[PDB]
């Protein structure tokens, strides 16, 4: 098991290299109301076995804590919920993987405005203190991700970089979260931690205004890049991907990240990406394999967003693994993604 290996002092880039390529347990512990509330069955050790066997070395374990915790001042987290998170993490540690645990759909309380800052910081400190204490013994194969996509509420603002106020307060929250984790001591003082830009966006505005808490070299940047938008995410967008233009645009998106962070020794994980099912397997294969090698060529480790929903022609169909069957719904997409990542053997 990779659960209790202690904590190294290597550069974060090395950790990101070993994380290699990842798979998200999406719409699960992050689902509002509970693990199976969004149509996924209860997670099993056998499922995670298949993830490892396919060639994924990282499990991102998104978790929504809102709805499982009491009120201020303690915001006490339901102990059975906490233990369930720890149990799933060990499915992956048994497979010698990396695990990332975050706070996910916390937008009801995690508001990036000066007016909210004091109360949000108080809750964020309480939340991270409890999670960190629970996982204190785990070694550097356990990575904490301080927040998911913190941003100002509102449909019109979803794909924006927010205001300077928003970006400043996100930076303040990341520092609060990191300090809360590290103050618990032990392995939490030295483990690697991912922090997002506002909305985990890779756009110039948000990557340029990111401030790394304490300049801590153990900190990794968290970005979500469902690129290119129209092919990957939009049910009404093109079903085709493969032109020289497509390849060039994708490269350039990763080039921004490489020049701002990686080439300066700041490691970066693309914690979410992927494409939906538009009955276009050949195109998704081409895209998946190119994305993987182009991202990897820039020192980036990408993590597929798998929400367990794979129906052709429906929006949000990012699922590629069949959890009930223990088979792959999109075997060709999965294999191409893994194929583009390559390896050291």
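Positions refer to the first chain, counted from 1.
**Q** Quick one: say whether 105-113 or 216-224 has the higher mean Cα B-factor in the deposited entry.
**A** For C-alpha atoms only, the mean B-factor is higher in 105-113.
**Q** Decide which of the stretches 227-235 and 135-143 has the higher mean C-alpha B-factor, going by the entry.
**A** Between 227-235 and 135-143, it is 227-235 that shows the higher mean C-alpha B-factor.
**Q** Just to confirm, going by the entry's C-alpha B-factors, which of 193, 153, 262, 181 comes out highest?
**A** Comparing C-alpha B-factors across 193, 153, 262, 181, the top value belongs to 153.
**Q** Name the one of 302, 26, 299, 39 with the greatest CA B-factor according to the PDB entry.
**A** In the PDB entry, the greatest C-alpha B-factor among 302, 26, 299, 39 is found at 39.
**Q** Looking at the temperature factor on the CA atom of residue 340, which third of the chain's modelled residues does it land in?
**A** Middle third by C-alpha B-factor.
**Q** Taking only the Cα B-factors deposited for this chain, tell me whether residue 318 sits in the lowest, middle or highest third.
**A** According to the entry, residue 318 has a C-alpha B-factor in the chain's middle third.
**Q** What third of the chain, by the recorded C-alpha B-factor, contains residue 291?
**A** Middle third, going by the recorded CA B-factors of the chain.
**Q** Name the third of the chain's ranked CA B-factors that contains residue 172, choosing lowest, middle or highest.
**A** Its C-alpha B-factor, which the entry lists for residue 172, ranks in the lowest third among residues of this chain.
**Q** Just say lowest, middle or highest third for the CA B-factor of residue 210 relative to the other modelled residues in its chain.
**A** Its C-alpha B-factor, which the entry lists for residue 210, ranks in the middle third among residues of this chain.
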